[PDB]
file structure.cif (mmCIF, N, CA, C and O atoms)
data_my_file
loop_
_atom_site.label_atom_id
_atom_site.label_comp_id
_atom_site.auth_asym_id
_atom_site.auth_seq_id
_atom_site.Cartn_x
_atom_site.Cartn_y
_atom_site.Cartn_z
N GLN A 1 136.23 57.45 -16.81
CA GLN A 1 136.21 58.87 -16.50
C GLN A 1 137.62 59.36 -16.13
O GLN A 1 137.83 59.89 -15.05
N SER A 2 138.54 59.15 -17.06
CA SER A 2 139.92 59.55 -16.84
C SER A 2 140.01 61.08 -16.76
O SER A 2 139.23 61.79 -17.40
N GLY A 3 140.96 61.54 -15.96
CA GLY A 3 141.16 62.97 -15.78
C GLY A 3 139.84 63.67 -15.43
O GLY A 3 139.35 64.50 -16.20
N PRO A 4 139.29 63.29 -14.24
CA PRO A 4 138.04 63.88 -13.78
C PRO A 4 138.26 65.30 -13.28
O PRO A 4 139.20 65.57 -12.54
N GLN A 5 137.36 66.19 -13.69
CA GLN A 5 137.44 67.58 -13.29
C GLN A 5 136.16 68.32 -13.68
O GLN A 5 136.21 69.46 -14.14
N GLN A 6 135.04 67.63 -13.49
CA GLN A 6 133.74 68.21 -13.82
C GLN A 6 132.62 67.40 -13.18
O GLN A 6 132.77 66.20 -12.94
N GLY A 7 131.51 68.08 -12.91
CA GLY A 7 130.37 67.43 -12.30
C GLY A 7 129.07 67.81 -13.03
O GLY A 7 128.37 68.73 -12.63
N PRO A 8 128.80 67.05 -14.13
CA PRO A 8 127.60 67.29 -14.92
C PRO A 8 126.35 66.77 -14.20
O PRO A 8 126.45 65.91 -13.33
N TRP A 9 125.21 67.32 -14.59
CA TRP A 9 123.95 66.93 -13.99
C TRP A 9 123.10 66.27 -15.08
O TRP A 9 121.87 66.33 -15.04
N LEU A 10 123.78 65.65 -16.03
CA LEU A 10 123.11 64.98 -17.13
C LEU A 10 122.59 63.62 -16.65
O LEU A 10 121.46 63.25 -16.93
N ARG A 11 123.46 62.92 -15.94
CA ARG A 11 123.11 61.60 -15.42
C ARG A 11 121.65 61.59 -14.94
O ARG A 11 120.93 60.63 -15.18
N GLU A 12 121.28 62.67 -14.28
CA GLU A 12 119.92 62.80 -13.76
C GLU A 12 118.91 62.32 -14.81
O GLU A 12 117.96 61.61 -14.48
N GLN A 13 119.15 62.73 -16.04
CA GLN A 13 118.27 62.35 -17.14
C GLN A 13 117.90 60.87 -17.03
O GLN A 13 116.76 60.49 -17.29
N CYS A 14 118.89 60.07 -16.66
CA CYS A 14 118.69 58.64 -16.52
C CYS A 14 117.62 58.41 -15.44
O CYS A 14 116.61 57.75 -15.69
N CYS A 15 117.88 58.97 -14.27
CA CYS A 15 116.96 58.83 -13.16
C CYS A 15 115.65 59.54 -13.53
O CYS A 15 114.57 58.99 -13.33
N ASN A 16 115.79 60.74 -14.06
CA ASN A 16 114.64 61.53 -14.46
C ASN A 16 113.59 60.60 -15.08
O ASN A 16 112.39 60.78 -14.87
N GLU A 17 114.08 59.63 -15.83
CA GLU A 17 113.20 58.67 -16.48
C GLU A 17 112.45 57.84 -15.44
O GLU A 17 111.24 57.66 -15.54
N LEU A 18 113.21 57.35 -14.47
CA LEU A 18 112.63 56.54 -13.41
C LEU A 18 112.01 57.46 -12.36
O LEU A 18 110.87 57.24 -11.93
N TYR A 19 112.77 58.46 -11.97
CA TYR A 19 112.31 59.42 -10.97
C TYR A 19 110.96 60.02 -11.37
O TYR A 19 110.00 59.97 -10.61
N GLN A 20 110.94 60.58 -12.57
CA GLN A 20 109.72 61.19 -13.09
C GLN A 20 108.50 60.36 -12.68
O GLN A 20 107.45 60.91 -12.37
N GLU A 21 108.68 59.05 -12.71
CA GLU A 21 107.60 58.14 -12.35
C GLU A 21 107.65 57.82 -10.85
O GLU A 21 108.09 58.65 -10.05
N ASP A 22 107.20 56.63 -10.52
CA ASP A 22 107.18 56.19 -9.13
C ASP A 22 108.41 55.31 -8.86
O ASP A 22 108.59 54.28 -9.51
N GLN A 23 109.22 55.76 -7.92
CA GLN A 23 110.42 55.03 -7.56
C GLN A 23 110.13 53.52 -7.51
O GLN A 23 111.05 52.71 -7.60
N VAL A 24 108.86 53.20 -7.37
CA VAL A 24 108.44 51.81 -7.31
C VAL A 24 109.23 51.00 -8.34
O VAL A 24 109.45 49.80 -8.16
N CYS A 25 109.63 51.68 -9.40
CA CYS A 25 110.39 51.04 -10.46
C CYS A 25 111.80 51.65 -10.47
O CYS A 25 112.18 52.31 -11.43
N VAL A 26 112.53 51.39 -9.40
CA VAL A 26 113.88 51.90 -9.27
C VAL A 26 114.88 50.76 -9.53
O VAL A 26 115.35 50.59 -10.65
N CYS A 27 115.16 50.02 -8.47
CA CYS A 27 116.09 48.91 -8.56
C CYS A 27 115.46 47.84 -9.46
O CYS A 27 116.18 47.09 -10.13
N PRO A 28 114.10 47.80 -9.46
CA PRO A 28 113.38 46.84 -10.27
C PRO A 28 113.40 47.24 -11.75
O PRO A 28 113.00 46.46 -12.61
N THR A 29 113.87 48.45 -11.99
CA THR A 29 113.95 48.96 -13.35
C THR A 29 115.23 48.48 -14.03
O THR A 29 115.23 48.20 -15.23
N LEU A 30 116.29 48.40 -13.24
CA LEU A 30 117.57 47.95 -13.75
C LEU A 30 117.59 46.42 -13.80
O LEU A 30 117.99 45.84 -14.81
N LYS A 31 117.15 45.82 -12.71
CA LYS A 31 117.11 44.37 -12.62
C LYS A 31 116.69 43.79 -13.97
O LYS A 31 117.42 42.99 -14.56
N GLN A 32 115.53 44.21 -14.42
CA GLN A 32 115.00 43.75 -15.70
C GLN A 32 116.02 43.98 -16.81
O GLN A 32 116.14 43.18 -17.74
N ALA A 33 116.74 45.09 -16.69
CA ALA A 33 117.75 45.44 -17.67
C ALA A 33 118.78 44.30 -17.77
O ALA A 33 118.97 43.73 -18.84
N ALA A 34 119.41 44.01 -16.64
CA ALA A 34 120.40 42.96 -16.59
C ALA A 34 119.92 41.76 -17.42
O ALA A 34 120.71 41.13 -18.12
N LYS A 35 118.62 41.50 -17.32
CA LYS A 35 118.03 40.39 -18.05
C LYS A 35 118.61 40.35 -19.46
O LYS A 35 118.99 39.28 -19.94
N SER A 36 118.65 41.51 -20.09
CA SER A 36 119.18 41.62 -21.44
C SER A 36 120.71 41.61 -21.40
O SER A 36 121.35 40.86 -22.13
N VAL A 37 121.25 42.46 -20.54
CA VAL A 37 122.69 42.57 -20.40
C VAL A 37 123.30 41.16 -20.36
O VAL A 37 123.82 40.68 -21.36
N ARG A 38 123.21 40.55 -19.19
CA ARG A 38 123.75 39.21 -19.00
C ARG A 38 123.83 38.48 -20.34
O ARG A 38 124.89 38.42 -20.96
N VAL A 39 122.69 37.95 -20.76
CA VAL A 39 122.62 37.22 -22.02
C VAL A 39 124.01 37.18 -22.65
O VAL A 39 124.45 38.15 -23.27
N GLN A 40 124.67 36.04 -22.48
CA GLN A 40 126.00 35.86 -23.02
C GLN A 40 126.27 36.87 -24.14
O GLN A 40 126.65 38.01 -23.87
N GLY A 41 126.05 36.43 -25.37
CA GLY A 41 126.26 37.28 -26.52
C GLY A 41 127.68 37.85 -26.54
O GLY A 41 128.56 37.31 -27.22
N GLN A 42 127.87 38.91 -25.77
CA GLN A 42 129.18 39.55 -25.69
C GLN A 42 129.80 39.32 -24.31
O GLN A 42 130.92 39.75 -24.06
N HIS A 43 129.03 38.65 -23.46
CA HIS A 43 129.49 38.36 -22.12
C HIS A 43 129.08 36.93 -21.73
O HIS A 43 128.29 36.74 -20.81
N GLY A 44 129.64 35.97 -22.46
CA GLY A 44 129.34 34.58 -22.21
C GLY A 44 128.87 34.37 -20.76
O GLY A 44 127.67 34.47 -20.48
N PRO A 45 129.85 34.07 -19.87
CA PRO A 45 129.55 33.85 -18.47
C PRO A 45 129.25 35.17 -17.76
O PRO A 45 129.66 36.23 -18.22
N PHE A 46 128.54 35.06 -16.65
CA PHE A 46 128.18 36.23 -15.87
C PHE A 46 127.47 35.83 -14.57
O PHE A 46 127.30 34.64 -14.29
N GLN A 47 127.09 36.84 -13.81
CA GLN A 47 126.41 36.61 -12.54
C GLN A 47 125.09 37.39 -12.50
O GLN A 47 124.87 38.20 -11.60
N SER A 48 124.25 37.12 -13.49
CA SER A 48 122.96 37.79 -13.57
C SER A 48 122.36 37.94 -12.17
O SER A 48 121.73 38.96 -11.87
N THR A 49 122.57 36.92 -11.36
CA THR A 49 122.05 36.93 -10.00
C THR A 49 122.76 38.00 -9.17
O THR A 49 122.11 38.81 -8.50
N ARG A 50 124.08 37.97 -9.23
CA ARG A 50 124.89 38.93 -8.49
C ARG A 50 124.91 40.28 -9.21
O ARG A 50 124.45 41.28 -8.68
N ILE A 51 125.45 40.25 -10.42
CA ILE A 51 125.54 41.46 -11.22
C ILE A 51 124.27 42.30 -11.02
O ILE A 51 124.32 43.53 -11.03
N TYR A 52 123.16 41.59 -10.85
CA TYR A 52 121.88 42.25 -10.64
C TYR A 52 121.96 43.25 -9.49
O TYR A 52 121.92 44.46 -9.71
N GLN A 53 122.07 42.71 -8.29
CA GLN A 53 122.15 43.54 -7.10
C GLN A 53 123.36 44.47 -7.18
O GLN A 53 123.21 45.69 -7.29
N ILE A 54 124.54 43.86 -7.13
CA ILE A 54 125.78 44.62 -7.19
C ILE A 54 125.57 45.85 -8.08
O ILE A 54 125.54 46.98 -7.58
N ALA A 55 125.42 45.60 -9.37
CA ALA A 55 125.22 46.67 -10.32
C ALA A 55 125.38 48.02 -9.61
O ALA A 55 126.08 48.11 -8.61
N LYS A 56 124.72 49.03 -10.16
CA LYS A 56 124.79 50.36 -9.60
C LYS A 56 124.30 51.38 -10.63
O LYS A 56 124.86 51.47 -11.73
N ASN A 57 123.26 52.11 -10.25
CA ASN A 57 122.69 53.11 -11.14
C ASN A 57 123.73 53.50 -12.20
O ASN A 57 123.41 53.57 -13.38
N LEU A 58 124.94 53.75 -11.73
CA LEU A 58 126.02 54.13 -12.62
C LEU A 58 127.36 53.84 -11.94
O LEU A 58 128.20 53.13 -12.48
N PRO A 59 127.53 54.43 -10.72
CA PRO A 59 126.49 55.26 -10.14
C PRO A 59 126.43 56.63 -10.84
O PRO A 59 127.38 57.03 -11.51
N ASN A 60 125.31 57.30 -10.65
CA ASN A 60 125.11 58.62 -11.24
C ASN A 60 123.62 58.84 -11.49
O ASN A 60 123.04 59.79 -10.97
N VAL A 61 123.05 57.96 -12.30
CA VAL A 61 121.63 58.05 -12.62
C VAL A 61 121.00 59.19 -11.82
O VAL A 61 120.49 60.15 -12.39
N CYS A 62 121.06 59.04 -10.50
CA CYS A 62 120.50 60.04 -9.61
C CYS A 62 121.56 60.40 -8.56
O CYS A 62 122.24 61.41 -8.69
N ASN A 63 121.65 59.54 -7.55
CA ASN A 63 122.61 59.75 -6.48
C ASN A 63 121.91 59.60 -5.13
O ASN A 63 122.11 60.40 -4.23
N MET A 64 121.09 58.55 -5.04
CA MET A 64 120.36 58.28 -3.82
C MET A 64 120.25 56.77 -3.57
O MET A 64 119.41 56.10 -4.16
N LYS A 65 121.12 56.29 -2.70
CA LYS A 65 121.14 54.87 -2.36
C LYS A 65 119.98 54.57 -1.41
O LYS A 65 119.77 53.42 -1.04
N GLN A 66 119.26 55.62 -1.04
CA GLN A 66 118.13 55.48 -0.14
C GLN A 66 116.88 55.07 -0.92
O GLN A 66 115.89 54.64 -0.33
N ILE A 67 116.97 55.21 -2.23
CA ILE A 67 115.86 54.85 -3.10
C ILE A 67 116.06 53.44 -3.64
O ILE A 67 115.22 52.56 -3.43
N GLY A 68 117.19 53.25 -4.31
CA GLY A 68 117.52 51.96 -4.88
C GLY A 68 118.33 52.11 -6.17
O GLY A 68 118.34 53.19 -6.77
N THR A 69 118.98 51.03 -6.55
CA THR A 69 119.79 51.03 -7.76
C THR A 69 119.99 49.60 -8.27
O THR A 69 119.92 48.65 -7.50
N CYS A 70 120.25 49.50 -9.57
CA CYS A 70 120.46 48.20 -10.19
C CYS A 70 121.00 48.43 -11.60
O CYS A 70 121.09 49.57 -12.06
N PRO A 71 121.34 47.30 -12.27
CA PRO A 71 121.86 47.36 -13.63
C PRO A 71 120.75 47.66 -14.63
O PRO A 71 119.73 46.98 -14.66
N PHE A 72 120.98 48.69 -15.44
CA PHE A 72 120.01 49.09 -16.44
C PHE A 72 120.36 48.50 -17.81
O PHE A 72 121.13 47.55 -17.90
N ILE A 73 119.78 49.10 -18.84
CA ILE A 73 120.02 48.65 -20.20
C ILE A 73 119.53 49.71 -21.18
O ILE A 73 118.85 50.66 -20.79
N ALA A 74 119.88 49.51 -22.44
CA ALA A 74 119.47 50.44 -23.49
C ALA A 74 118.85 49.66 -24.65
O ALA A 74 118.84 48.43 -24.64
N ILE A 75 118.36 50.41 -25.62
CA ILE A 75 117.74 49.80 -26.79
C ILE A 75 118.73 48.83 -27.44
O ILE A 75 119.36 49.17 -28.45
N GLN B 1 105.46 41.92 -8.80
CA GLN B 1 105.49 41.66 -10.23
C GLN B 1 104.60 42.64 -10.98
O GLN B 1 103.61 42.24 -11.59
N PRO B 2 104.98 43.94 -10.89
CA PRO B 2 104.21 44.99 -11.56
C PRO B 2 104.46 44.97 -13.07
O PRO B 2 105.61 44.97 -13.51
N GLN B 3 103.37 44.97 -13.81
CA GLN B 3 103.46 44.95 -15.26
C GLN B 3 103.86 46.34 -15.78
O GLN B 3 104.65 46.45 -16.72
N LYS B 4 103.29 47.36 -15.16
CA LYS B 4 103.58 48.73 -15.54
C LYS B 4 105.09 48.97 -15.46
O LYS B 4 105.67 49.62 -16.33
N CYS B 5 105.69 48.43 -14.41
CA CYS B 5 107.12 48.57 -14.21
C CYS B 5 107.84 48.03 -15.45
O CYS B 5 108.45 48.79 -16.20
N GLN B 6 107.74 46.72 -15.62
CA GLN B 6 108.38 46.07 -16.75
C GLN B 6 107.99 46.77 -18.05
O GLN B 6 108.82 46.91 -18.96
N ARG B 7 106.74 47.19 -18.11
CA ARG B 7 106.23 47.87 -19.29
C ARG B 7 106.95 49.20 -19.48
O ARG B 7 107.76 49.35 -20.40
N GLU B 8 106.63 50.14 -18.60
CA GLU B 8 107.24 51.46 -18.66
C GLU B 8 108.71 51.35 -19.08
O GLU B 8 109.19 52.15 -19.87
N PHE B 9 109.37 50.35 -18.52
CA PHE B 9 110.78 50.13 -18.82
C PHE B 9 111.01 50.05 -20.33
O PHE B 9 111.64 50.93 -20.91
N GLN B 10 110.48 48.99 -20.93
CA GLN B 10 110.62 48.79 -22.36
C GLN B 10 109.65 49.70 -23.12
O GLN B 10 110.05 50.38 -24.07
N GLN B 11 108.40 49.69 -22.68
CA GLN B 11 107.38 50.50 -23.31
C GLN B 11 107.94 51.88 -23.66
O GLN B 11 107.59 52.44 -24.70
N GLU B 12 108.80 52.38 -22.79
CA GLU B 12 109.41 53.68 -23.00
C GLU B 12 110.50 53.58 -24.06
O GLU B 12 110.24 53.73 -25.25
N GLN B 13 111.72 53.34 -23.59
CA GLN B 13 112.86 53.23 -24.48
C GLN B 13 114.15 53.09 -23.68
O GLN B 13 114.96 54.02 -23.64
N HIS B 14 114.31 51.93 -23.06
CA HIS B 14 115.49 51.66 -22.26
C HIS B 14 116.48 52.83 -22.39
O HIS B 14 117.02 53.06 -23.47
N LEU B 15 116.67 53.53 -21.28
CA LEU B 15 117.58 54.66 -21.26
C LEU B 15 118.84 54.31 -22.06
O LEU B 15 119.11 53.14 -22.33
N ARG B 16 119.57 55.35 -22.43
CA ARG B 16 120.79 55.17 -23.20
C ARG B 16 122.00 55.62 -22.38
O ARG B 16 123.01 54.92 -22.32
N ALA B 17 121.86 56.79 -21.76
CA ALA B 17 122.94 57.33 -20.95
C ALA B 17 123.47 56.25 -20.02
O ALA B 17 124.64 56.26 -19.64
N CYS B 18 122.58 55.32 -19.67
CA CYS B 18 122.95 54.23 -18.78
C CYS B 18 123.70 53.18 -19.61
O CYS B 18 124.57 52.48 -19.09
N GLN B 19 123.33 53.10 -20.88
CA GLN B 19 123.96 52.14 -21.78
C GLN B 19 125.44 51.98 -21.43
O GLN B 19 126.00 50.90 -21.59
N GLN B 20 126.03 53.07 -20.96
CA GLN B 20 127.43 53.06 -20.59
C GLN B 20 127.69 52.02 -19.50
O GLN B 20 128.09 50.90 -19.79
N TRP B 21 127.44 52.43 -18.26
CA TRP B 21 127.64 51.55 -17.12
C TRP B 21 126.86 50.26 -17.39
O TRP B 21 127.46 49.19 -17.51
N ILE B 22 125.55 50.40 -17.48
CA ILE B 22 124.69 49.26 -17.73
C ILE B 22 125.45 48.22 -18.56
O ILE B 22 125.42 47.03 -18.25
N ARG B 23 126.12 48.71 -19.59
CA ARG B 23 126.89 47.85 -20.47
C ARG B 23 128.28 47.61 -19.89
O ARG B 23 128.59 46.50 -19.45
N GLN B 24 129.09 48.66 -19.91
CA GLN B 24 130.44 48.58 -19.39
C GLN B 24 130.47 47.74 -18.10
O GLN B 24 131.38 46.94 -17.90
N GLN B 25 129.46 47.96 -17.27
CA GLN B 25 129.35 47.24 -16.01
C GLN B 25 129.77 45.78 -16.20
O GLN B 25 130.42 45.20 -15.33
N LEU B 26 129.39 45.23 -17.34
CA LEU B 26 129.71 43.85 -17.65
C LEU B 26 131.14 43.55 -17.19
O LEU B 26 131.39 42.55 -16.53
N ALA B 27 132.05 44.45 -17.56
CA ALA B 27 133.44 44.29 -17.20
C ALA B 27 133.54 43.88 -15.73
O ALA B 27 132.56 43.96 -14.99
N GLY B 28 134.73 43.43 -15.35
CA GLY B 28 134.96 43.00 -13.98
C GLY B 28 135.88 41.78 -13.94
O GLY B 28 135.58 40.80 -13.26
N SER B 29 136.98 41.88 -14.67
CA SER B 29 137.94 40.79 -14.73
C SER B 29 139.18 41.23 -15.52
O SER B 29 139.24 41.03 -16.73
N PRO B 30 140.15 41.83 -14.78
CA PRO B 30 141.38 42.30 -15.40
C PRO B 30 142.30 41.12 -15.73
O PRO B 30 142.50 40.23 -14.91
N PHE B 31 142.85 41.16 -16.94
CA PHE B 31 143.75 40.11 -17.39
C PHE B 31 145.16 40.33 -16.84
O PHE B 31 146.00 39.43 -16.89
#
call {"tool": "encode", "arguments": {"input": "structure.cif", "output": "C-alpha cells"}}
result
Amino acid sequence: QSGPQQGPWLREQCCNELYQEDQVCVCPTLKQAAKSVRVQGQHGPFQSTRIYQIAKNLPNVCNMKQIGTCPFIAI
Amino acid sequence: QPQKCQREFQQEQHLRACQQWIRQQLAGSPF
C-alpha cells in the first residue's frame, strides 16, 4: 500500500462474508485457510502453526480484534 | 470442530479480496 492516501470500505466485503454469518467462524475461518496457504508449493517452509495465529484479517477484512482474525485464503 | 464453519468456508468460495494478505502474508523474510 505504497503512497497511502485513501480509506476504502471494500475490505468489509471480506468480513461481510464472515460477518454476514456467525462470527463463530471468524479466526476459525482463516485458520482453515492457512491450511491451504502453508502447503509448501510456493512457500516451501513455513509456520502453519504460528502463521496461523499471527496472521491477520489483513488487517482490514473488518477492523475488530475483539471478534477475531486469522490467515484466510482464496479459490 | 464445526462442520458448517469449514463448510461455509469452502462451500461458499474462499474470499478473494483476502487472497492478497492471505497470500502475500506468506512473505516475512527480507533478503
call {"tool": "interface_residues", "arguments": {"input": "structure.cif", "of": "chain A", "to": "chain B", "cutoff": "10 Å", "atoms": "only C-alpha atoms", "output": "PyMOL selection string"}}
result
chain A and resi 10-15+17-18+21-26+28-34+36-38+42-43+46-48+51+54-61+70-75
call {"tool": "atom_distance", "arguments": {"input": "structure.cif", "atom1": "atom CA of residue 19 of chain A", "atom2": "atom CA of residue 53 of chain A"}}
result
19.1 Å
call {"tool": "atom_distance", "arguments": {"input": "structure.cif", "atom1": "atom O of residue 65 of chain A", "atom2": "atom C of residue 27 of chain A"}}
result
11.0 Å
call {"tool": "select_by_dssp", "arguments": {"input": "structure.cif", "residues": "chain B", "states": "alpha helix (DSSP H)", "output": "MDAnalysis selection string"}}
result
chainID B and resid 3:12 19:24
